[PDB]
Amino acid sequence: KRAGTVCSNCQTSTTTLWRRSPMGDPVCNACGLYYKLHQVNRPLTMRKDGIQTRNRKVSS
DNA sequence: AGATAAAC
DNA sequence: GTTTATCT
Ligand SMILES: [Zn+2]
């Protein structure tokens, strides 16, 4: 039940992987990934109503 | 969960 | 070049 777990980095409640930060900040995996890229705070301008999805990667 | 690779 | 979701 992650209803209420608002991503402390982008306020998104729908996430592909709830990255529970050790400090106690539930941040949607997307924030944890891009954060590792530039190591800065993500503006939720790229957020969306439901979890984004596409042609799932074919089983390799 | 974390890692991988894909797709735009 | 760049970013995230689904994969395992
Ligand atoms: Zn987030």
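Annotations
- Among the residues of the range A:11-42, the ones that are part of a helix (DSSP H, G or I), among the hydrophobic types (A, V, I, L, M, F, W, C) and more than 11 Å from DNA strand B (Cβ to nearest atom) come to 1 in all.
- Of the residues making up the range A:43-60, those that are part of a helix (DSSP H, G or I) and surrounded by 10 or more Cβ atoms within 10 Å (Cβ to Cβ) are A:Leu44, A:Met46.
- Criterion applied to A:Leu17, A:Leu33, A:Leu44 was being near the ligand (Cβ under 8 Å from one of its atoms), under 11 Å from the mean Cα position of the chain (by Cα) and hydrophobic (A, V, I, L, M, F, W, C), and the one residue passing it is A:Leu44.
Readers should treat all values here as calculations from the given coordinates under stated rules, not as data from a laboratory. Neighbour counts are summed over all protein chains in view; Cβ atoms, including those assigned to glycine, are modelled from backbone coordinates with ideal geometry.
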